[PDB]
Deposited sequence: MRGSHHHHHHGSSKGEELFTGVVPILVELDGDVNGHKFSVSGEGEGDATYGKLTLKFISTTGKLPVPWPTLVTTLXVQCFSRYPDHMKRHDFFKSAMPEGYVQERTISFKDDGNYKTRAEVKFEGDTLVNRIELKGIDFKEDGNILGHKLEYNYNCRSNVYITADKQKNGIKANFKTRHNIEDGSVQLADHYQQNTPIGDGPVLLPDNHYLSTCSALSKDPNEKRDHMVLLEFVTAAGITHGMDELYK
C-alpha cells in the first residue's frame, strides 16, 4: 500500500484519551515513537485531570496497531497501514469478567509527521470493591496476547477479538474480553486481510524522576499465523 511507506522509519506518536468510568472523569496524554520495521513501540502516558479511577494496566490496549511488524509475505494483510494517512476508526467493547465494561471509540491518523490516537472511553457497571475500581491489579503485563483479526468486507474494515489477563495482587487473574472493529476514515483503497493474528508483548515500567501518575510502555507486536 501507499500507507505502508509512511512507516519505514521511526514515527512520533501522540495519544490523547478522555475517560469516564462509573462517573469518574479522567484524561491521559501520551508521547513516544513507533518503528514498525521491528514492531516496536515506546510510549509514556501521563494522567492529566481527575485521579485515575482504574488501574493503568487496564488502559494499555486502548492507549496503534499500525506499528505492528507484518512479515514481508504477509504485507497484503496489513489493513492498519493501508488506511493511512487518512486513518481509521477503532472501536472496542472490553468486558471485564465479573465486573464492568469499557466502550472505546478512537480515531488513529496522521497529523503532519505525527501518528495520533484520539480516544473516548466510557466505562459502566463496575463494582465498587472489584479489582478495577478497588485498584487491586498488579503494575505489570505478564501475559502476551494474540489479537485475532478477520476481514469485515461490508464496512471495508476488520474485526478482532482477544483476551488479556491482568494479574491481581492476590496471585489470581482478571480476564478482559475484547471485541474490536476498525473502519477507514478516508476514500483510498484499503487491504482486507486473511485471518491472522498479532502476537503482542508488553512491559510496563516507571520513570523514577516522574512524580505525576504515569505509565511507561515498551511493546513488540508481530503479525503471525500465515506461513
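What are the missing stretches of the deposited sequence, listed from start to end?
In sequence order, the gaps with no modelled C-alpha are 1-12, 76, 241-248.
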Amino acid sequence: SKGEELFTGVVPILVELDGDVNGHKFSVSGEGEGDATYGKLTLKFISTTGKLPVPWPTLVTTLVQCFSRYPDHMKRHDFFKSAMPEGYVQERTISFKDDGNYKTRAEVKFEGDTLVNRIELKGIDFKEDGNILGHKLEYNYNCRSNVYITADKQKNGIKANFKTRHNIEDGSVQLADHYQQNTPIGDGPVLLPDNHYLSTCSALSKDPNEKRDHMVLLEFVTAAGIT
From here on, numbers count along this sequence of modelled residues.
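Out of 140-148 and 115-123, which one has CA B-factors that are higher on average in the deposited record?
Comparing 140-148 with 115-123, the higher average CA B-factor belongs to 140-148.
Do the C-alpha atoms of 183-191 or of 35-43 have the higher average B factor in the entry?
Taking the mean B-factor of the alpha carbons in each, 183-191 is higher.
Checking the entry, which one of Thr48, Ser172, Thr62, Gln65 has the top C-alpha B factor?
Going by the entry's C-alpha B-factors, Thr48 comes out highest.
Highest recorded C-alpha temperature factor, please, choosing from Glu107, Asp78, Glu128, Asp99.
Comparing C-alpha B-factors across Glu107, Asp78, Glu128, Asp99, the top value belongs to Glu128.
Sorting the chain's CA B-factors, does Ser82 end up in the lowest, middle or highest third?
According to the entry, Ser82 has a C-alpha B-factor in the chain's middle third.
Within this chain, which third does the Cα B-factor at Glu219 fall in: lowest, middle or highest?
CA B-factor rank for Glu219: middle third.
Could you tell me which third, lowest, middle or highest, the C-alpha B-factor of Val10 occupies within its chain?
CA B-factor rank for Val10: highest third.
Please rank the C-alpha B-factors of the chain's modelled residues and tell me whether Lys103 sits in the lowest, middle or highest third.
CA B-factor rank for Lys103: lowest third.
Consider only the C-alpha atoms of the modelled residues in this chain, order them by B-factor as the entry records it, and name the third containing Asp20: lowest, middle or highest.
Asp20: CA B-factor falls in the lowest third of its chain.
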